[PDB]
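Chain residues, written in single-letter form:
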Amino acid sequence: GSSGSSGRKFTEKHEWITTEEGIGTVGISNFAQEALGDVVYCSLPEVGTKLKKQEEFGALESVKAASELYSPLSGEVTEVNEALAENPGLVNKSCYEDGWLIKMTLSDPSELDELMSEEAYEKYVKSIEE
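Residues numbered from 1 in each chain as written, not as in the entry; some residues may be left out. Heavy atoms only, no water.

- Structure determination for this entry is recorded as solution NMR.

Right, here's the structure in full:
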């Protein structure tokens, strides 16, 4: 078999991960920010931490409800959103633009294959009501 072209990746936790120059940036989708509401707090780790696949790295707390955050793949945090430190509300106006949870490298991108691509993500986000 042979697959076509792939782009933005997504997980079963409304989390997305892009791949550029071997850099895997973690973040949430607009569907998660629209449900969570206006974020007020953001619990993020410290750059230089060795995270593991499907591991709790941080959490988000809004005026509505809270939601746990998990890393897409195992790697090392290269940097963290310094903007949310003062105005974590950005996540609303910008999801990926600047609302990037954290940035880490890709040690085993082979797992990304098991994840759901933008395409599939649709069948998983649409079934939410159907």
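### Section: the sheet that holds strand 5 (residues 50-51)
Okay, step 1: Spatially, the 7 strands line up as an open sheet ordered 5-8-9-3-2-1-10, and their pairing is antiparallel. The sheet is open, and its two edges are formed by strand 5 and strand 10 (116-117), each paired on a single side.
Okay, step 2: Pairing between strand 1 (residues 9-10) and strand 10: 2 bridges, direction antiparallel. By the bridge assignment, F10 is partnered in strand 10 with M116. (Pairing = 2+ DSSP bridges. Helix = DSSP H or I, 4+ residues; strand = E, 2+ residues; numbered from the N terminus.)

### Structural notes on unusual backbone geometry
Okay, step 1: Backbone geometry at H14 places phi at a positive 55°, although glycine is not the residue there.
Okay, step 2: Examined against the element boundaries, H14 turns out to sit in the loop between strand 1 and strand 2 (15-20).
Okay, step 3: Non-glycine residue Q54 carries a positive phi angle of around 55°.
Okay, step 4: Checked against the element boundaries, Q54 lands in the loop between strand 5 and strand 6 (56-62).

### Points about the UniProt feature "domain: Lipoyl-binding" in the protein chain
Okay, step 1: In the numbering used here, UniProt assigns the feature "domain: Lipoyl-binding" to residues 23-105.
Okay, step 2: End C-alpha to end C-alpha, residues 23-105 measures 5 Å, and it is 13% helix and 42% strand. (UniProt positions renumbered as here; feature names shortened; annotations may be inferred.)

### Here's the deal with the packing of aromatic side chains
Okay, step 1: In the structure shown here, the tally under the stated rule is 2 aromatic pairs.
Okay, step 2: The interplanar angle of 40° and the centroid separation of 4.8 Å between the aromatic rings of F10 and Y121 together place this pair among those described as tilted. Taken together, the residues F10 in strand 1 and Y121 in helix 3 (residues 118-126) connect sequence positions 111 residues apart.
Okay, step 3: Taking relative accessible area as the criterion, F10 reaches 2% and is therefore assigned buried.
Okay, step 4: Look at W16 and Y96: their rings are 5.0 Å apart centre to centre, the planes differ by 65°, and that puts the pair in the edge-to-face class. Highlighted residues: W16 in strand 2 and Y96 in the loop between helix 2 (90-93) and strand 9 (102-105), separated in sequence by 80 residues.
Okay, step 5: The exposure class assigned to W16 is buried, which follows from its relative accessible area of 2%.
Okay, step 6: Classification of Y96 by relative accessible area gives partly exposed; the value is 22%.
Okay, step 7: One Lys or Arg, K103, reaches over the ring of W100 and ends 5.2 Å from the middle of that ring. (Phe/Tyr/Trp six-rings, centres within 6.5 Å; stacked < 30°, edge-to-face > 60°. Buried < 20%, exposed > 50% of the residue type's maximum accessible area, 1.4 Å probe, protein only. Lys NZ or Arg CZ within 6 Å of the ring centre and 35° of its normal.)

### Focus: the sheet that holds strand 7 (residues 66-70)
Okay, step 1: Read from one edge of the open sheet, 3 strands run 4-6-7, paired in antiparallel fashion. Each edge of the sheet is formed by a strand with only one pairing partner; in this case those strands are strand 4 (39-43) and strand 7. Here the strands of the sheet are splayed against their neighbours by 20° on average, with no regard to which way each runs.
Okay, step 2: Here strand 6 pairs with strand 7 via 5 bridges, running antiparallel. Bridge pairing in strand 7 places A59 opposite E68. (Axes fitted to C-alpha atoms, helices over the stretch in contact; angles between N-to-C directions.)

### Thoughts on the pairing of strand 6
Okay, step 1: Inspection of the sheet shows strand 4 paired to strand 6 by 4 bridges, in the antiparallel sense. Bridging from a neighbouring strand, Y41 pairs with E61 of strand 6.

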